[PDB]
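Read the structure below first, then the notes.
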Amino acid sequence: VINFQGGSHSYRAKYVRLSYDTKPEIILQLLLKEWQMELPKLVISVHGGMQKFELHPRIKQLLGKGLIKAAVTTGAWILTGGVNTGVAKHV
Amino acid sequence: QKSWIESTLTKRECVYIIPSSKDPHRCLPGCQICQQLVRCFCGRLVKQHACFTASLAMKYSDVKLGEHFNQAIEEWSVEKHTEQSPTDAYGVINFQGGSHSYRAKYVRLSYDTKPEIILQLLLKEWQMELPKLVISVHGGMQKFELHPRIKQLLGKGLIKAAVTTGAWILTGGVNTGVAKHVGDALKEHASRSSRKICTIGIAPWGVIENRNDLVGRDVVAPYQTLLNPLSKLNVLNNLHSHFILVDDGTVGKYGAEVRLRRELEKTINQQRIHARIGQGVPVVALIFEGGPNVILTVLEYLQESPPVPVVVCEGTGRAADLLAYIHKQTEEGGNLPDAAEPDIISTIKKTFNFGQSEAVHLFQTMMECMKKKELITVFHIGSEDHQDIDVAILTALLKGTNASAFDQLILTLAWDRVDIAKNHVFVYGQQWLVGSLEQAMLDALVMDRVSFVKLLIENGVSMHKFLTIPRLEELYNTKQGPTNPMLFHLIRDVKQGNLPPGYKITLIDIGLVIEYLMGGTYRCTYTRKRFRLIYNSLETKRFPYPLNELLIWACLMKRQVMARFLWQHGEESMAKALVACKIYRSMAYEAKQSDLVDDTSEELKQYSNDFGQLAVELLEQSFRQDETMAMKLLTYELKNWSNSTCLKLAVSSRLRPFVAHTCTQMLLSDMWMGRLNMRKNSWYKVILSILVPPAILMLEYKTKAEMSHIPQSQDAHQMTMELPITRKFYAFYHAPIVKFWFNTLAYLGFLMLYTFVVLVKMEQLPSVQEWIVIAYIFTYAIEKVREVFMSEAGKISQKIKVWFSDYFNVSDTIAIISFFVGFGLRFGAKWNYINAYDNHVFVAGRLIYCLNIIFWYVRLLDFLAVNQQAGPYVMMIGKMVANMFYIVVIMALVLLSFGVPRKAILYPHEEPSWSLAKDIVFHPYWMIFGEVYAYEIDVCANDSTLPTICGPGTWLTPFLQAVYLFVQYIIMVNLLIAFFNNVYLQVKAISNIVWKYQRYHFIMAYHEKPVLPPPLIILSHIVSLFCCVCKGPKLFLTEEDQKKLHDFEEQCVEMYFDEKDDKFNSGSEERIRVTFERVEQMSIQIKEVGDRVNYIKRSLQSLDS
Amino acid sequence: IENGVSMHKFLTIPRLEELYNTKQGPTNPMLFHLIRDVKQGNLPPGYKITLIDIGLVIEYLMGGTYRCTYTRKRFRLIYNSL
Amino acid sequence: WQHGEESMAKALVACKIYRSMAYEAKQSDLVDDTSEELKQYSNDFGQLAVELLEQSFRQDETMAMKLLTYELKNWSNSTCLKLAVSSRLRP
Ligand SMILES: CCCCCCCC/C=C/CCCCCCCC(=O)O[C@@H](COC(=O)CCCCCCCCCCCCCCC)COP(=O)([O-])OCC[N+](C)(C)C
Ligand SMILES: CCCCCCCC/C=C/CCCCCCCC(=O)O[C@@H](COC(=O)CCCCCCCCCCCCCCC)COP(=O)([O-])OCC[N+](C)(C)C
Ligand SMILES: CCCCCCCC/C=C/CCCCCCCC(=O)O[C@@H](COC(=O)CCCCCCCCCCCCCCC)COP(=O)([O-])OCC[N+](C)(C)C
Ligand SMILES: CCCCCCCC/C=C/CCCCCCCC(=O)O[C@@H](COC(=O)CCCCCCCCCCCCCCC)COP(=O)([O-])OCC[N+](C)(C)C
Ligand SMILES: CCCCCCCC/C=C\CCCCCCCC(=O)O[C@@H](COC(=O)CCCCCCCCCCCCCCC)COP(=O)([O-])OCC[N+](C)(C)C
Ligand SMILES: CCCCCCCC/C=C\CCCCCCCC(=O)O[C@@H](COC(=O)CCCCCCCCCCCCCCC)COP(=O)([O-])OCC[N+](C)(C)C
Ligand SMILES: CCCCCCCC/C=C\CCCCCCCC(=O)O[C@@H](COC(=O)CCCCCCCCCCCCCCC)COP(=O)([O-])OCC[N+](C)(C)C
Ligand SMILES: CCCCCCCC/C=C\CCCCCCCC(=O)O[C@@H](COC(=O)CCCCCCCCCCCCCCC)COP(=O)([O-])OCC[N+](C)(C)C
Ligand SMILES: CCCCCCCC/C=C\CCCCCCCC(=O)O[C@@H](COC(=O)CCCCCCCCCCCCCCC)COP(=O)([O-])OCC[N+](C)(C)C
Ligand SMILES: CCCCCCCC/C=C\CCCCCCCC(=O)O[C@@H](COC(=O)CCCCCCCCCCCCCCC)COP(=O)([O-])OCC[N+](C)(C)C
Ligand SMILES: C[C@@H]1CC[C@@]2(OC1)O[C@H]1C[C@H]3[C@@H]4CC=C5C[C@@H](OCCC(CO)CO)CC[C@]5(C)[C@H]4CC[C@]3(C)[C@H]1[C@@H]2C
Ligand SMILES: CC(C)CCC[C@@H](C)[C@H]1CC[C@H]2[C@@H]3CC=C4C[C@@H](O)CC[C@]4(C)[C@H]3CC[C@]12C
């Protein structure tokens, strides 16, 4: 479990470090039973470019409210890239 | 001289007199009109001098016989020919305005004054604080009035950047143009920045009206605001708070203070902005609607060590607007497009007719300026261009020095301007050094800058890597912020009293204070062996939980806002809130128990009662989420807080709202049960099973999983691993509910016997009852001794002072001591054998028994106070006896006001006797309870039972008693009814809480007690001494249940802060006020879109062309 | 005042006498019943109120040992001089 | 009253002037009693003094007590407390 140094939030996670050869069954199992996650009603896989400096103020507000609203209401897994640059940075 | 000024500062008097133009104005006789006219090259005429070198010289001619050889006319320089002399004008002017007598501090100095001297006057004499900024405004004079919006913005922004950065707005002083607009700006935003902005106008002693009035050493000198109907002269302006009235010559000559202003624009630059900050005090220049010589002055700034930058205010005027367009239309740092001189010089021409001779000479003063665009700033009014000049001014000193962001940040830190750091210093692309934000954090923590500690964490500063031993030592050893001066009085009281002069505080000395303020068995991380070793030797010097070491720091240094910040950060929130409540509560007690000018205890107890409420509000949050885990949150060992417990910390601070909270009261209810389910059992069956032992094996116990939230003993937890028969008895007899009813039946059986012994004849030797009775009280006393030893804090005196504070435990000692006096006299006494009670040792022994028993009935109220309904009435009785005291003292005085006249009138022939102290108090007291003594009233009546008391004056007594009872019964008894009715609800509310609070000490005392009541307890005592020379409750979690609990703690703190804002934001007071503020902003915009469309409908007939 | 009128230069004796001796605004009709009760009861028809007569009223309404600026010796002299 | 100095002093004088003006209005024959008007006027300045005392006391306690006992020197060498006791201004 990593831990982030931010204002009053020790934000946690669950890193795994697996080989890319892992059977795809094994992955979903880890996600569901070990990490004790509920199967989502939706998966929003975000694909974009990296180091994309900052979006315009309004367009960041809208993609910041809408992705959250369709993920909080449909219990969704937003699959991402992770790197703090571009997509994962804006997510 | 009684003024630092007079010894130091001076004036200038034009000792030497010279001709004017040499033309006597008209009017043929020339010798005397030469006296009438001739303005000295000083500028005042010969007679206006009055100088002593020139006072007894006009008789002959004056100074300088004859023509004086035209060469030597060109020789008056004030230096040789004008004398420095003691000041004559320093004081406090006063302005005549609406309800504001606006004051100032004029000085009147010579322009030769050393620049050191000036800054000294400003700081020590005028008692001004060194500024964090200097906004030197340079503009043109008599600039009529700015447009309404542009005056609003330069009137809010200059005030906002001066009230927030504690700045000195250096000005000109003359009420025309710059100082005129500065002053009006002050008046439009005064009384919020009144005693925060210090505006020093540096004016000459030349162009100055009521000049002769300002003269007067050390005066409250008057001054006007009626602008002299004819004059080109200038009046000082209303709102300038200080004045530097330079003098070289006379009227006119408005160019001798310019150099002195420059000095003060320099001497402030060499001072350090703060004791911790190495940067010098900044200096900025603000140009609005300037002049011809402004652009000259602008040039000087951007060519000095260092370049004082410039913030120009376009859209106001001529020079600004000129300077606006030119540097705007410039190359990135240089020349222009295909020669722009045609428009520029034409543009320069219309403002100021120069005309290619020197309209080019401007282009040079106008080139090096725009070539230094990086140091020049411009506020484009009407284009939201950095959100009034406060951003722009302050920004100007951060962008224009090619400076490190370390220095740019620290300046914001001395300014307390987080927005300018978060929007212009922590902007994308910024690249910081290894530990530069750390040094900013260390400065923010010491300077008590919570809003930067937030920011520096939010960006990237980890308090785990940051916080070390030698650093966290510094943070205690600072004087550069809000300090607790009592932390030295505490560190003194623990280190034997001796504090050497240096005495750099050590963390070990802080650990000793935290042990003393937290009391009991508390052992801090700093006093341990594992820390005293690493410490004296000097990751290991980094603390594992840094935000728990700083929460204590912020509290010991009395920094609540930092404490109420660092508390949200980290884990163990409810624990830290109850520690802090305890630290401030003990800090408060030791403040009241000490001599000091500022009591600082109503401040600390409020600080304590602020964290105490945070703990209760998190308990109510955890309880509303899950009840079983919330009770676990009260009893888990903390392991960073001396193996203590959140409940134990609340009981340590008498934080009754937490112990009286339904969660604790429900855990307390479950520890009372033990392994027994008293939801599917009844008290009949518990009593029955005490008297019928095999009925223990027919009642319902509780599973191990209904006992997980309950703190247990080890042996009790070792019998949750298996229920067998012998286990089922160990579960019954060790329950606190059973130990209670097993003691009540022995105690009720005890009184039944001791009532019997006291009502029945007491023979020579004690009866079997009285032996059973002595045995109880003897062993009952052994138990109380054992309660005191096995209690708490190892200091024998503390255990003593705690146990003697409860009401009934004082009664128990009198009751126990009195009984064995009476037994000693009863049993130790020679029986007479004729008739008992001829031996007075024996009588005295019995009468102590007959009185000692009153202690033992009243002790039943301690057993009856176990009920939820009864117990608050029992505590209530005593709170009312204390509150009715003074009514009853009045009732005792009305009593003696009656009994003494009565006994005196009815018994006149009495010698002194102790019966006179009974008879003045006896009958008048029994009158309060309805005994009127009807046939003793009017002792001369025929129905009288005191017919021999009839005599002179006895007819007075029935009148006296009529008044007496009216006062006692009709006024005083009913006043006491009225007392009780109107105090009932609030004593009943207190007594319910004190009842719920003392239910901890009671229930937790019945975990430690032996199993056998005080007759048979001696077995349990002996067995506990055998296993003492031959061999409390804790909450056991497995490591996964500790995980699930720390999650539950975190999750409930989040819901607390989330739901607190969701309620604040969703309130009508908050929805009216943000609606209020939006309708303002809209209305502004609607009368601007309404303006633009008015600039569109004009563009229907123009496009029509 | 906000513009420039200084009440120090404005307010003088013969002027501040006028301000008591006006009927061109809201008046206290009892100020004559008070100035009567201190000046023995006799008010001639004109009777232009004097500040010394006002000082006597302020002493009577404030009670005790109160001595106003108008009843002092230093004012009864400058006053009757002007 | 807002103009000038010695505010709390002048508020307690005025309370005393109106209170005595009110008593001499009730102790006299007249069509308009003009005493409920004057006593209200008195009790209006009396409240100004209390509200300035509460303002001085919340700022500094030691100097606020000094504000009760300094000789006034424009008010017959009197004292702001003595003027309040003179008007039975109990608050
Ligand atoms: C929280 C817990 C707190 C605990 C608090 C406990 C505090 C306990 C406090 C105790 C105080 C005790 C005071 C007793 C007073 C005795 C005086 C007396 O009776 O004198 C008489 C008997 O004189 C004798 O010598 C009698 C000897 C035989 C009887 C034994 C006495 C037992 C004492 C009990 C031991 C108690 C055991 C205590 C166990 C705890 C003298 O009178 P006389 O004989 O008629 O005349 C003699 C005159 N002549 C000589 C001229 C003939
Ligand atoms: C266990 C025995 C219980 C028996 C009752 C014994 C009394 C129980 C009393 C409880 C609380 C009240 C205060 C304690 C009393 C002690 C003296 C005292 O305080 O004097 C006070 C002055 O009082 C005087 O100067 C007058 C005393 C005259 C005595 C007359 C006695 C006869 C009548 C009456 C006798 C009949 C009994 C009346 C019962 C209703 C000073 O008090 P204070 O400084 O203003 O402090 C008040 C509280 N405070 C600290 C929060 C501010
Ligand atoms: C917090 C509570 C604490 C208490 C506070 C109040 C203090 C209370 C203090 C009261 C003073 C009493 C002093 C007694 C005087 C000496 C008595 C004596 O010598 O013998 C008498 C004692 O025997 C008795 O029977 C009388 C005992 C007094 C009973 C008191 C009841 C009234 C309570 C009053 C309450 C209101 C108090 C009002 C305020 C002052 C017997 O009779 P005698 O004739 O006197 O002497 C023998 C002669 N003979 C055999 C011929 C008969
Ligand atoms: C509502 C009903 C009332 C009607 C209204 C009219 C009033 C009627 C009254 C009238 C007064 C006149 C009566 C005196 C009779 C003759 C003398 C005589 O016998 O004296 C007797 C007593 O009495 C006295 O010694 C004097 C009593 C005076 C007080 C009476 C009350 C005053 C009014 C109200 C005061 C309230 C407060 C005032 C403020 C409001 C003597 O007799 P003895 O006492 O039995 O003793 C004799 C034996 N020995 C010789 C051994 C001692
Ligand atoms: C330390 C903890 C103690 C706990 C209790 C354990 C110990 C208790 C056990 C035993 C102790 C008793 C020993 C008795 C010895 C004989 C006495 C004797 O000679 O005669 C007496 C008999 O006895 C009684 O009448 C009882 C006396 C005590 C009163 C009530 C006890 C109830 C409490 C305890 C038990 C219930 C508990 C209730 C709980 C809710 C009286 O005889 P009589 O017939 O009246 O005399 C005729 C009168 N005549 C001469 C005028 C004609
Ligand atoms: C200054 C005096 C000494 C100090 C006392 C200080 C108090 C110390 C405390 C306690 C005293 C110890 C217990 C009682 C002692 C009895 C003694 C006695 O004479 O008994 C007599 C009867 O009476 C009994 O036998 C009573 C037995 C019941 C006692 C109650 C406890 C039992 C519970 C168990 C649990 C633990 C119980 C114990 C917990 C402590 C028998 O004696 P005797 O000689 O045959 O006859 C009497 C005399 N005669 C010959 C003249 C007729
Ligand atoms: C640590 C706590 C304090 C303890 C204090 C100390 C306690 C112990 C105190 C005193 C010790 C006992 C003294 C012995 C008696 C001497 C006289 C004598 O022998 O007999 C005489 C007794 O004459 C009397 O007057 C007896 C009165 C005794 C009661 C007084 C004590 C009250 C204690 C207060 C309560 C405290 C309760 C506790 C409060 C917390 C007469 O009897 P005789 O001789 O057999 O025959 C007749 C002869 N003659 C007629 C010629 C005279
Ligand atoms: C051999 C012997 C055979 C058996 C003997 C039998 C002996 C019988 C013994 C006792 C009688 C009482 C029985 C009722 C109990 C009810 C249940 C209970 O616990 O209630 C409460 C009583 O809690 C106490 O602690 C009560 C103590 C009683 C002693 C005081 C006597 C008063 C004497 C003065 C009067 C003078 C007259 C006295 C007579 C002259 C506590 O409950 P609670 O805290 O509310 O918890 C429940 C909360 N809930 C409802 C939310 C779930
Ligand atoms: C013989 C048999 C008689 C009947 C038996 C009766 C047995 C008794 C029955 C019931 C007792 C009630 C239980 C008390 C509960 C605890 C209260 C406590 O701790 O203290 C309370 C006070 O102190 C008291 O209240 C003292 C005890 C009061 C007893 C009343 C005696 C009055 C008689 C005397 C007059 C007699 C006149 C005649 C004189 C001769 C708590 O007070 P507080 O407010 O929390 O804090 C105090 C501080 N403060 C002052 C700042 C507020
Ligand atoms: C309430 C307003 C005022 C109204 C009051 C009305 C005034 C009342 C009217 C009249 C005055 C009182 C006397 C009248 C009765 C005389 C008859 C007489 O002889 O009586 C007795 C004596 O009594 C005296 O000698 C008493 C003398 C004056 C007492 C003091 C004034 C009482 C008034 C207090 C006012 C309190 C005011 C409180 C103020 C709030 C009986 O004497 P004797 O036994 O017959 O003589 C023989 C004796 N020998 C045998 C031993 C020799
Ligand atoms: C403020 C309150 C005013 C009222 C009051 O409290 C204080 O003032 C107290 C003074 C007390 C008297 C002092 C002196 C004695 C002498 C004594 O003489 C022994 C006689 C003999 C035996 O026969 C020796 O052998 C008898 C008692 C007596 C008269 C006192 C009585 C009570 C009095 C009046 C008290 C009363 C309650
Ligand atoms: C003047 C002396 C010598 C005579 C006796 C005084 C009376 C008033 C004494 C004798 C014994 C006393 C009682 C003894 C025990 C208790 C229990 C305690 O928790 C409250 C007070 C109380 C209830 C006492 C009240 C006063 C009392 C009744």
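Atoms within each ligand, like the ligands themselves, are counted from 1 in listed order. Side chains included, hydrogens not; waters and symmetry mates left out as well; all remaining heavy atoms used. Protein chains get the first letters and strands the later ones, always in sequence-line order, with residue 1 at the start of each.
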Using a distance threshold of 4.0 Å (strictly less than), state whether [atom] has a protein heavy-atom neighbour.
{"atom": "atom 19 (O) of ligand 4", "answer": "no"}
{"atom": "atom 13 (C) of ligand 11", "answer": "no"}
{"atom": "atom 16 (C) of ligand 11", "answer": "no"}
{"atom": "atom 7 (C) of ligand 11", "answer": "no"}
{"atom": "atom 22 (C) of ligand 11", "answer": "yes"}

Starting from [atom], what is the nearest protein heavy atom, named by residue and atom, and what distance separates them?
{"atom": "atom 45 (O) of ligand 4", "value": "B:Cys940 CB, 3.2 Å"}
{"atom": "atom 31 (C) of ligand 4", "value": "B:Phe959 CZ, 3.6 Å"}
{"atom": "atom 52 (C) of ligand 4", "value": "B:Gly951 O, 3.6 Å"}
{"atom": "atom 22 (C) of ligand 4", "value": "B:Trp955 CB, 3.8 Å"}

Hey, looking at [atom], which of [options] has the closest heavy atom?
{"atom": "atom 48 (C) of ligand 4", "options": "B:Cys950, B:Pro958, B:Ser944", "result": "B:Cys950"}
{"atom": "atom 27 (C) of ligand 11", "options": "B:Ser913, B:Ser915, B:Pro912", "result": "B:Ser913"}
{"atom": "atom 34 (C) of ligand 11", "options": "B:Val900, B:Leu893, B:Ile920, B:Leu895", "result": "B:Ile920"}

To the nearest 0.5 Å, what is the distance between OG on B:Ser767 and CG on B:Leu753? 9.0 Å
Atom CZ of B:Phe820 and atom CG of B:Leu825: how far apart are they, to the nearest 0.5 Å? 13.5 Å
Listed by chain and number, what are the side chain to side chain contact (heavy atoms under 4.5 Å, CB included) partners of D:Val85, not counting sequence neighbours? D:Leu81
Hits for side chain to side chain contact (heavy atoms under 4.5 Å, CB included) against B:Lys761, two or more places apart or cross-chain, chain-then-number order -> B:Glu763
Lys/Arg-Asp/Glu bridge criterion (N-O < 4.0 Å) met for C:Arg67, C:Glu59: yes
Classify the ring geometry of B:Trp771 against B:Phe827: parallel below 30°, tilted from 30° to 60°, perpendicular beyond 60°. perpendicular
Is the B:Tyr747 ring parallel, tilted or perpendicular to the B:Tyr776 ring (thresholds 30°, 60°)? tilted
Would the B:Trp856 and B:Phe819 ring centres measure less than 6.0 Å apart? no
Within the heavy-atom cut-off of under 4.0 Å, ligand 10 is lined by B:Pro952, B:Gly953, B:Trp955
Atoms of ligand 11 close to B:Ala917 [distance to a heavy atom under 4.0 angstrom, numbered from 1]: 31 (C), 32 (C)
Would you give me the side-chain donor-acceptor pairs under 3.5 Å for residues 965-984 of chain B, sequence neighbours excluded?
{"from": "B:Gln968", "atom 1": "NE2", "to": "B:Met891", "atom 2": "O", "distance (Å)": "3.1"}
{"from": "B:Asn974", "atom 1": "ND2", "to": "B:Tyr969", "atom 2": "O", "distance (Å)": "3.3"}
{"from": "B:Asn974", "atom 1": "ND2", "to": "B:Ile970", "atom 2": "O", "distance (Å)": "3.3"}

